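First up is the structure itself, then whatever we jot down about it.
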Amino acid sequence: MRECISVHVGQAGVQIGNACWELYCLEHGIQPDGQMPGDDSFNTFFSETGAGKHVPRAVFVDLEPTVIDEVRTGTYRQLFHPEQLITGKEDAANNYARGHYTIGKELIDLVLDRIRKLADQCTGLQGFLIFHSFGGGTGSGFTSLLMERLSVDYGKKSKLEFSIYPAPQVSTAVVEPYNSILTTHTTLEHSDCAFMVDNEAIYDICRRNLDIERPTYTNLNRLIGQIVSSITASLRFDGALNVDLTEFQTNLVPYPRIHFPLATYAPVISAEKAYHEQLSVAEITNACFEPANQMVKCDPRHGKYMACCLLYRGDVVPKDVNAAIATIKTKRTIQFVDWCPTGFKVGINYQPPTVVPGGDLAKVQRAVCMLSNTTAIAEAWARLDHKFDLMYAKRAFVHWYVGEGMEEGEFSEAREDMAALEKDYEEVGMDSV
Amino acid sequence: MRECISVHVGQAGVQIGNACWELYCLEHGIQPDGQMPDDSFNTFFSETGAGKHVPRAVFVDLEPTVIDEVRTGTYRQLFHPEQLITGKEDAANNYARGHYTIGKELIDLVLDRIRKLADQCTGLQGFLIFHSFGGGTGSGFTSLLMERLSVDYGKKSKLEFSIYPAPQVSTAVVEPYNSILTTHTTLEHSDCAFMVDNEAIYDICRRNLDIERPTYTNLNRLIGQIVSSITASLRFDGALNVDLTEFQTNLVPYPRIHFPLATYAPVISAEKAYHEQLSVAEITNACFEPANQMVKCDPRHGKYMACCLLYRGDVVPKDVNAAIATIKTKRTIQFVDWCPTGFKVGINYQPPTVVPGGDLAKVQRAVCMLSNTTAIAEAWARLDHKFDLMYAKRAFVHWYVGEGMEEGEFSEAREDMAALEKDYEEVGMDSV
Amino acid sequence: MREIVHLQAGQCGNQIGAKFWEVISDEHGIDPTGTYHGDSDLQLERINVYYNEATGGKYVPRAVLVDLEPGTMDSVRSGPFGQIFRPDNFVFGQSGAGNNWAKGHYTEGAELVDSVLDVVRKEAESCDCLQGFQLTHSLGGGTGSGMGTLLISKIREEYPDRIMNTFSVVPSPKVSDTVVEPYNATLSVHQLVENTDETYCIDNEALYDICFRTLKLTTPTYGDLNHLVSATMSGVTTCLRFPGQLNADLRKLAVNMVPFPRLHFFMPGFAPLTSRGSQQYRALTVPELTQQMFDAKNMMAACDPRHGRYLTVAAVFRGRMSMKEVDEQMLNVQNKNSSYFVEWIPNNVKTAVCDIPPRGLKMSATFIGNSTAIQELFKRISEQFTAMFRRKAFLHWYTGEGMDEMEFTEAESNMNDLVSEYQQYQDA
Amino acid sequence: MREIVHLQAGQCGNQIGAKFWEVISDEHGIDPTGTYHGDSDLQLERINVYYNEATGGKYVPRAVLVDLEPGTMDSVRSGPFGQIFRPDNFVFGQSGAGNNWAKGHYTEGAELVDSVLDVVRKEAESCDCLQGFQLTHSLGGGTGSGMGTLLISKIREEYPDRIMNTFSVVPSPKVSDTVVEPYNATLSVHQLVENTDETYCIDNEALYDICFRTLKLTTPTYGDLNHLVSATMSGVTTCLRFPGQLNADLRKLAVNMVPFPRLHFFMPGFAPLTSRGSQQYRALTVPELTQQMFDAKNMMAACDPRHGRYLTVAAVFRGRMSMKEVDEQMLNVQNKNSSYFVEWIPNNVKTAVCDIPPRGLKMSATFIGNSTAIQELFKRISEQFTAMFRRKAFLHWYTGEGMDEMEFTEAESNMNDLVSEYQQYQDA
Amino acid sequence: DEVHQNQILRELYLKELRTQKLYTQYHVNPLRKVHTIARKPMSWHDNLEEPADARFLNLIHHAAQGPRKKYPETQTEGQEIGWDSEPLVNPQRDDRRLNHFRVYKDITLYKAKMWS
Ligand SMILES: Nc1nc2c(ncn2[C@@H]2O[C@H](COP(=O)(O)OP(=O)(O)OP(=O)(O)O)[C@@H](O)[C@H]2O)c(=O)[nH]1
Ligand SMILES: Nc1nc2c(ncn2[C@@H]2O[C@H](COP(=O)(O)OP(=O)(O)OP(=O)(O)O)[C@@H](O)[C@H]2O)c(=O)[nH]1
Ligand SMILES: Nc1nc2c(ncn2[C@@H]2O[C@H](COP(=O)(O)OP(=O)(O)O)[C@@H](O)[C@H]2O)c(=O)[nH]1
Ligand SMILES: Nc1nc2c(ncn2[C@@H]2O[C@H](COP(=O)(O)OP(=O)(O)O)[C@@H](O)[C@H]2O)c(=O)[nH]1
Ligand SMILES: [Mg+2]
Ligand SMILES: [Mg+2]
């Protein structure tokens, strides 16, 4: 009944969903081991075993044994069924070839088997939430091995995807443009929706709105935790118009290949600001389309706004939305698309945005996850492609990528298929006449 | 619903606001933090939940100091971070750095916070700006601000209240320079710009209220009561009311002579009022008293294009009309020939307030006396020649021309303010 | 966050700036090492300008001590407040200068130049807003003259939008404890004037002459002179450490003051310099501190204000006061004396008041003026120069070094152009 | 789990590794006996990386102590942390190699290599999933360059899938205490380009600079130098043992760090080095740590990076820090010095964070770089070799044990092939 | 000059240790953000019982309080305004006989929702 498996793969995705599974333990009464001292609601994320223990549905993978081990030597060891927490034996070493053709062709079986077990324990499987990277070896190569093998098995069932994309210039890897382009060669054809974020824009988002300077990767992950808790808000606690995983996969994706939406959170706020600001439905809706709150660090002013979906959480009076979402259309600075006049989707849950203790997101009574399929991401792809042309022209960082079981010709294939995505995203920039 | 986004650019604005917002709070009832221990507040305040009655003023300056004093005062809770906007290094008395350099790295932000505060409002009716006319912040920045406002707020009021580069007392040497360039800009925008030079107020404080210590605090408080009165009809209610728009098309004569002169009526102190009256007339007569004027310019050397009286208190309309008559039966008081009528007068019962500490004692009545005198030419002429004398020997000009403004700008302004004088006597010429 | 970097440059600074870093310490509330014994929150609210927060409080200053001789900073270190400075900004070369500008700007300069600009570069990078590089040399000596002008000329080639406030002792007639003293001004003023913004000038003579009327102290060491010159430089930069009701930073006290890009030699002063038998019999208000600020007796530079014409004056006040009382006092000075103010600048003042007052003083004020009578000083060193250049005086140390004579001809020429430019605007 | 087989080779290598097991045993909480007595439990969760398991709950090091000269192994077992090593791992012969590459490679050294393979193969095949063999060797002689590269070319064919960390002491430029020093290096780089994957090369000379001047030790003994090089050995394998945020191991620090296969000669550097007088004023925070990394005065190789461009840079940080400040500030040190970095690789950094700080330090970060400036170390050895080989000098020791001049010629030819390789991808 | 360069640094470093007074007190500014770094949610490295400072709560709260309570005087401009913010006498802000406030009536309550 309304269930989904969350495969948190890669060293990025395990710590992305590190605070997500903490956050689902705050919404439901799940304790740090799993007990309540309720109802149907704890079904999409946690299971139920016997006594009253709620085993989650997570397939935490890291091909190196360093970070998952702290999940299984930490203060939530009892919570996760220890089969779920799966490590490897040695890393992927920022190598698409290592994470996909050698180290990983070993962890593949056990990982796939775990999903068969977590799926045959469900009756309402509606989608696969996979959280990975695009730059690291596990988050580019091993998640590609999952995405391709998930298709011959379970199949056309939705495969929603959250990942931290290569930031424009502010980057913590070197060879990361090599891994990202090869990922898209094996993620365009399989991932139904591939909801995007990077690291950069969130630092700014908790630099001006939250005045918490010098943010770390745990602040940077809890905000993604509130993103996924409002996207999966309707496979849970009830309310007004409710959106399942299939909704986003017909209303946020124009054409087959063009399936890279952009996710923003509206109520990015601290304790002192929220005391001095009544976040009504009006301004919470406008703040989404402001071009510094996009979590991708692009200029949406440059691009079209093809497909858009606005989620809601809390005291959201229906009327307010229609009015608010209309103001957004009238404004000509919010530039739109005439090959789809409609453009917009609404969804309202009644569960208020939960607040994680030891956090900085103040308790707010309303929230928006503004999922936008804009084409301003083609500019981010264009800066990720010339970032690769001036390296492959003189064959830098190739010797690790080829000795490890990957044909040299895949660099050309990934290159020319990625330039197709640029042309496809420009064919959907031309006004129809 | 009949609201006014306040804006305070420069030390002058922020500080006078610190004395203008104390008034707003005390008057309505809000305690000094934003916690009411009525719907008037809905015009100068936004009740964000519980009782946090948040204000509405984008305080802006290109140096910390001043803004920080409020961000850590007996009112630090009465606002928001993005409303007490601060800046890096000052423009240092250079219209250039405030309109061509430093300021340009702060304008986009200040503009956005006004947009936000505009979206919230149901019906905007005046962006009351507060500049100082003579610095880089309260003149150069105010230029870019008022300018941009006339590209988004388009046809909307922007009544301003600045400190005129006073004749004698002048704590600045590039003081004349900024004024001319600024006036040039604040002419194709400002719907009406009241001015109150420090000199006169420093003086009216010497006798009326007998304060023998005029400081930059007691002065700003009286400037506050002016704005209080101007916007009391769009706050409380009594009899004939005057919305901001009416001020303009009932005072501003032609599309440029928008520079009134205001003088609070009962500026008496405390013990003195135990030996005085407040006759509805007496105050109106004493309003025209040559000295009581709060801008350096005896109106004798000129006429009264269009006065606009704003009252407050137990003012029986009967006595009001009797007063405006017994002062028209006086030759000295002289109006222009192209306009008989007299003055657009209004009454708001809500009696005046009493910020604890200020001299201005409780007075049953109060007649703010705004007036478009045709004599301001006197003051204007002074600055034009002050600028002239200096621009002649290219004095203190290298620093401006090395921070953006071209030499051409100084000239354009010189002739613009000269043309101004011509369109200030031509309108006085007894229509023949 | 608008910050100042201090730029010590020799004996006539090391011991003057030592008192500087002692006056600001005793006012911002610090102690020998760093422990804040202060008594107010406002006292600490702007320390980011001068000091840098070290590990666990206990601040550390933005100074770099630059000298060729080793023993001139050992006096600084062994002093009562010498531990404060970073022990790695005590940058020093080895051989002495011997008061030679060539041996301080050309030969043994360059060794202690790329090392000095490294510390200046690092200390400038750790800054939020940078609008000051305040330096303390003396013209008259050779280290401060040689290092100063050379150190000035490369910050301007690296960081050219900054207020270069360079306090300096000038060569002056009645006390003259160096004999190549005329040589080390004209080469110095040549480089000083065209690369600086603010050059508050003192001489020992008037500063000594302040002692033997005003304070009527029986015997001075140089230490009291340092306290009397460091009190000005605290007052000039009080709008940047303390708030008030009219604020004015260093760019405010130059662009509103200096008329043309040469006329930046200003003139310091301290108002309540009242003695030991007359403090009891004198009041404290702006009028009484108008006699003791506008008098030549508390002037410091060299000259007499009633020998030229004031071109632009300011006075940064400090304390709890009213202010018709600043402005009428200012207005009456300007109207009762309208013979010594340039008539082509109608208003001649820029007062600025900072409520936070000096320690142990109801109210204080710092007077700064651009008097034309700086001409009394600059012509006097030139006539002492012309008695040297003609007969090939103490110059073979200069020429044998590598200095050509033409650069000595450039020294009187630019100053003779300068002294003409300072009397031209007097006539107008 | 993921372990390292440590490989003290050569006279020098025993002394660096002895200090390596002095700092690791403190980081891992190990006694000079092997009995764990520490505060946290993090220093047991990956104890198996360096230290093995024995009965009695005692941790024995995975260290293979090899040297032809017996005067070192008695010394490392007569020191502070000496009774930890497994006693048969000491694989001494009894003959001095006489700083002769021929003796240690093609002669008597070959007697010992088959015994030291047996010790390694015991400790390598008795372990879960090996990553490689960190080596501290001594390119100035015969127990180093000789026994080293022969061991290194006799591990890369039995286990040809593993990291080959080769921390090397290359000949320092002016610092020289071997007369046949340039022969031993130039004959060994050939056997150190085609086997090793990460050759972090040090000189003594810069370690004498960072100790005597930067860290300011009065009498720099040689043992003070070995603590500095232990930092860059401990800090390069520290995400691999101690947990935290974004990690980095040897293969991570190879793939983003080796542009082309013969481009692995890196250059180390620590970061939070202070002095006694400048420990307590310097504020330990992420800003100050980034600059000393790239500064040439704290750099364990005889080259300012000014004459060249970094092909790639890594930084493996260590401490409780944020992560905006980690890479935004080094983006600043990536774009402010655009000529100092390559343009054919746009971003040049791998970062890492370990939560656990060092012993007595709030943060640290060892810095490794593939600069173009490695070529000068490799230019000067070639220049030193040509003056040597031009008239067949010092060759009757290097030819009486099996070595022909035909092999000598090959050594130089591939030696100056590398300086071309670090010049083809220079400015260009 | 290298043999000389060692001893000129030897002499300087010896005077550094003869005259050096150590740090003694941890001061901490209450009026500057110390910029705390967040904790990993699932971690026994970070989620332990480390005690907090009792005084730093007092110094922050004293930094918060009010200028009316911090200083028994009127230091700096801006503190004298709002210094005595109480009404002189109780205003009786409830009677229409002397106070003439507004109330928006039922349409004017609602009508603002049409334009908003
Ligand atoms: N926000 C956030 N980003 C992360 C986190 N962990 C990793 N990343 C991102 O991931 C990129 C590289 O880390 P990973 O992809 O996780 O490394 P990996 O997948 O293990 O690759 P290998 O180590 O080679 O196996 C960096 O650019 C980070 O921005 C995290 O916990 N939070
Ligand atoms: N009423 C009032 N007037 C002020 C105040 N501060 C300055 N003034 C007047 O404004 C004139 C010029 O303004 P400034 O003092 O330069 O302050 P500003 O307008 O913000 O300009 P900047 O210094 O560049 O920031 C001065 O000559 C003062 O007479 C104040 O706080 N209150
Ligand atoms: N005010 C003041 N003057 C000083 C001090 N030390 C030296 N002087 C003056 O400097 C002049 C000599 O300069 P000199 O020491 O040769 O300068 P140097 O070349 O930089 O060392 C004398 O006339 C002194 O009056 C001091 O601590 N304070
Ligand atoms: N690594 C290390 N270096 C040393 C030691 N003693 C000297 N050195 C340096 O190593 C170089 C000489 O190497 P050498 O000891 O002859 O290497 P060997 O062939 O193994 O004996 C010189 O430049 C010394 O500075 C030592 O104990 N450890
Ligand atoms: Mg990993
Ligand atoms: Mg100002």
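Determined by electron microscopy, 3.5 Å, according to the entry header.
For all residues, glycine too, the Cβ spot is worked out from N, Cα and C.
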Further binder of GTP named by Swiss-Prot next to C:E69, C:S138, C:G142, C:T143, C:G144, C:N204, C:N226, taken from the candidates C:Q11, C:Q291, C:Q292, C:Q329: C:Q11
Candidate ranges C:1-4, C:73-76, C:361-364, C:373-376 [criterion: Swiss-Prot lists as motif 'MREI motif']: C:1-4
Least surrounded among the binding-site residues, given as C:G142, C:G144, when other CB atoms within 10 Å are counted: C:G142
Number of other Cβ atoms within 10 Å of the Cβ of C:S138 (GTP binding site) across all protein chains: 28
Rounded Cα separation (Å) that holds between C:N226 (GTP binding site) and C:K58 (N6-acetyllysine): 25
Inter-residue Cα distance where the pair is C:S172 (phosphoserine) and C:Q11 (GTP binding site), in Å: 17
Residues among the recorded positions C:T55, C:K58, C:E69, C:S138, C:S172 that border ligand 3 - Cβ under 6 angstroms, in sequence order: C:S138
Composition by DSSP (helix, strand, coil) of residues within the motif 'MREI motif' (C:1-4): 0 helix, 2 strand, 2 coil
Of the modified residues listed as C:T55, C:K58, C:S172, the one whose CA lies nearest the CA of C:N204 (GTP binding site): C:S172
Integer Cα-Cα distance in angstrom, C:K58 (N6-acetyllysine) to C:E69 (GTP binding site): 29
For C:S172 (phosphoserine), nearby residues of its own chain (Cβ under 8 Å, 6 or more apart in sequence): C:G140, C:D203, C:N204, C:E205, C:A206, C:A302, C:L377, C:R380
Those residues of the chain, 6+ apart, with a Cβ under 8 Å from that of C:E69 (GTP binding site): C:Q11, C:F92, C:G96, C:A97, C:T143
Of all listed recorded positions, namely C:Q11, C:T55, C:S138, C:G142, C:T143, C:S172, those lying near chain D with CB under 8 A: C:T55
Of C:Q11, C:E69, C:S138, C:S172, C:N204, C:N226, chain E-adjacent recorded positions (C-beta under 8 angstroms): none
Densest Cβ neighbourhood among C:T55, C:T143, C:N204, C:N226 (recorded positions), 10 Å radius: C:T143
Pairwise Cα distance for C:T55 (phosphothreonine)/C:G144 (GTP binding site) [Å, integer]: 33
Binding residues C:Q11, C:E69, C:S138, C:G142, C:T143, C:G144, C:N204, C:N226 (GTP) - maximum C-alpha distance in whole Å: 23
In three-state DSSP terms, the structure that C:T55 (phosphothreonine) belongs to: coil
Three-state secondary structure, which DSSP defines for C:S138 (GTP binding site): strand
